[PDB]
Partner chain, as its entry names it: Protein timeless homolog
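This document starts with one chain, in the form deposited without the partner chain, laid out as structure tokens.
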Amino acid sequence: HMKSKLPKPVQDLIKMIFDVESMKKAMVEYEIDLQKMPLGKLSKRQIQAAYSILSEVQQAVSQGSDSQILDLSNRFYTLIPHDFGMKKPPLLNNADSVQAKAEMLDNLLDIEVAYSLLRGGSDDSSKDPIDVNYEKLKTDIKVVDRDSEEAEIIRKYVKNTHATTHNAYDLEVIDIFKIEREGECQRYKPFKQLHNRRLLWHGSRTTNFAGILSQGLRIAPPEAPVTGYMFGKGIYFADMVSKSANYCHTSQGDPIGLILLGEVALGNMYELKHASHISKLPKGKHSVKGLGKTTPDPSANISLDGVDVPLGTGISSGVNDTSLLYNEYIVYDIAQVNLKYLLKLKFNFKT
């Protein structure tokens, strides 16, 4: 080929997010039977059918027994084959089972997108496949200079917002990318001047990032069980880097992960302390705020291109009997998010 002219950090990003073996590894991490459901046989309609069966399992658990559940749990396993040999798989009979399988299905939806991009399209060995795959993301990706103002603010955000209760690891910022998904700016226009716009974190497994950059952050589909997500079917964000970093699902066997910083238009927040599996916001609300016991110190907010960055060190919020140690922010319209940066992080585990 010509050999790519992209900067090396951008090339390495493209390599990581389109790694087919990582996709396969994630599916084995989910107990999927790759002989019965190989990567190439995943389809939207099969994942969608699985989501529905999980919504039936949800409904049986809301209204309570193991006998009447068994049939439903089996139906889920029929649609998504799990590698249990000659078996009896584990009974899917509680809320935790429903959240875990809905999470798995979310991830399979993104793997399916990434693979479809790989298989869709043309084969030209005189082009560098890195260049070819970058183009399928329909996203401008630039390296942010480590010496800039915007690099310094981002690094401070990471330095200051690592929770003490997440101290099994720390984080080194490897590369900072500035990202512009095509059309996203136009989509965000109605919200661009909204009050309470904030620069927030969203972590995700590296196998999701081809789908995120190509399709943006999405809400779980109508078939998905609303009860699989603490504040229902929205797009979730944190103001503590370590709370979002936890969702990268890195480890000692793969310690490099990816995190997003998005401009999120929060407007009038619906403030909550416990699980609320809502389908819509109340009239007049634009988002949910999951109220943490700890918040970044409000007095250290700083501005980055007019957007507030809540990069203070963690202090008591004064909120009392809350299910959340840290804040969470949820929007329910995909248009309220404008992704701005992507960080490649290295996780130093101390265990």
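Numbering follows the first chain given and starts at 1.
From this point on, the text means the form deposited with the partner chain bound, which you will not see here.
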Contact residue in the deposited bound form, chosen from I174, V143, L194, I256 - any heavy atom within 4.5 Å of the partner chain:
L194
Have a look at 256-264, 134-142, 183-191, 151-159 and name the one stretch with heavy atoms inside 4.5 Å of the partner chain in the deposited bound form.
183-191
For this chain shown on its own, do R218, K280 and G284 all sit within 4.5 Å of the partner chain in the deposited bound form, going by heavy atoms?
yes
Does the partner chain come within 4.5 Å of any heavy atom of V20 in the deposited bound form?
no
Check whether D12 has any heavy atom within 4.5 Å of a heavy atom of the partner chain in the deposited bound form, and answer yes or no.
no
Contact with the partner chain in the deposited bound form for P222, defined as at least one heavy atom pair within 4.5 Å: yes or no?
yes
Can you tell me if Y332 lies within 4.5 angstroms of the partner chain in the deposited bound form, counting non-hydrogen atoms only?
yes
